[PDB]
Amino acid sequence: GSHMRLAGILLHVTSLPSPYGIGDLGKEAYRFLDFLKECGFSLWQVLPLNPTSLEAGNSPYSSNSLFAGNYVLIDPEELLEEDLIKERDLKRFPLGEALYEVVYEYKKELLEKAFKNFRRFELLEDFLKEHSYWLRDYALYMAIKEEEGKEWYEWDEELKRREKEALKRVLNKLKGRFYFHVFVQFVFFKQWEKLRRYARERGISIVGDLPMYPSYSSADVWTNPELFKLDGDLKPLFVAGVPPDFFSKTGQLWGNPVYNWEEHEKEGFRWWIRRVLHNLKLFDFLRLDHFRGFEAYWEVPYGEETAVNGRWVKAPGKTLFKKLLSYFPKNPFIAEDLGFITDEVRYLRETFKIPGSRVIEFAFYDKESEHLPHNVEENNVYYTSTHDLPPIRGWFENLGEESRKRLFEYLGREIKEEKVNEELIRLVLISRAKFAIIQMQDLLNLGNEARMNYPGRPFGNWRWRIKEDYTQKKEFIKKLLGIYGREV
């Protein structure tokens, strides 16, 4: 048999066991890629690399920029190698949960110190040209936010509405601060470029993640207000979310401003094209968060406390993706098409041959679930579980008797709770899904304590890190990949 059959691991950079309070793009990232290669994995899925904040619960999906990189993921040991900091500035922390509060402050201090002892500004100018379409705006956005200590919609009216002359004045004023913020982005993107080359030379493709929406408090809304549904004062007229389920009682209010899609179509979808081009500098595949929003999105009036009184509004997905697939004909797209799926959505997805998502954790609530292995078609990415879900072992712990029965009957036997991960990994690998992805927590057989994110809950999330030597799992998982024809 000679089919396209790949396997991968879902693991966010923060979860790497790096020594400085959080995972980074340094030694441990390379060690993890070595582990991928040795096992025969071909795929690595990360979450969005956009800057995070305490205010937004450290969520990768609520950032002040859809383009920028997150400075807390920077490896500070490269700063030591380039003689930008001293050895005593480095400061080890024991392996535990991601120390967001402390790394925001600590890595900012290391980068402030490195910028002082820096020097090669000509390399910064070439970087700025390459990323001119977003970085001039982002670095200036960050410099003004620093000075005024306020969000963009609270700034003086002239800077808020991006009057040409006012932008020039404030740039020259905060010139030193402007270049600090490009320097931070320079350091991040150069470290990712190096890591990406290492991955690519070993046949590993990186699956990145594109959030549907920016946060209202972002350089993106600031720079392109007409691309969102705002009123005369640039406050949101409508905001994003999803309607009430039988899961949730009153839906979720995401609080993003919604797109004015008629304006995107008017400008030939060039903002979305720029998003894709930018992200393809980093990633091989782009997972489209809330894919169903390209067919229709839930829109609720601003000022509403819940998402109950919204409505479905059609978006121009057919026109958008026709243009995107013309610009990017090798098709980097993966659809996150879980939840609120209709046949309209499935038709949009399949019209453009975009692989869907399936998750075996969803397979045993119904006897004919489309997430059962035998129902997963080739053009799909098949997960054991995702970062929005409990790891398989913790899911199984709380699984109801009826769903347990369905699981046991599918395997043909009752199995002990500690063996469930292995059994479900096998089911995912034996499927004909072209990409099979195991969440790292499942590989390590971890429970509810290792859950990355709990949707609905604002805080406590995105903190899980590897604490153990995961390379001990290599002989077991390597064997499995080879048995099910996904070892390369």
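Quick note: we count residues from 1 along the sequence shown, nothing fancier.
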Check your understanding: On average, are the C-alpha B-factors higher in 242 to 250 or in 372 to 380?
Key -> 242 to 250
Review point. Should the higher mean CA B-factor in the entry be assigned to 115 to 123 or to 152 to 160?
Key: 115 to 123
Review point. Whose CA atom has the top B-factor in the entry, of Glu305, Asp388, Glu417, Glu295?
Key: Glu305
Review point. Which listed residue, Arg349, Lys91, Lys190, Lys322, has the largest C-alpha temperature factor in the record?
Key: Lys91
Check your understanding: With respect to C-alpha B-factor, does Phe32 fall in the lowest, middle or highest third of the chain as deposited?
Key -> middle
Review point. Sorting the chain's CA B-factors, does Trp464 end up in the lowest, middle or highest third?
Key: lowest
**Study point:** Ranked C-alpha temperature factor of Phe41 among modelled chain residues, by third
**Key:** lowest
Point to revise | Chain-wide C-alpha B factor ranking for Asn309, given as lowest, middle or highest third | key: highest
Review point. What third of the chain, by the recorded C-alpha B-factor, contains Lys281?
Key: middle
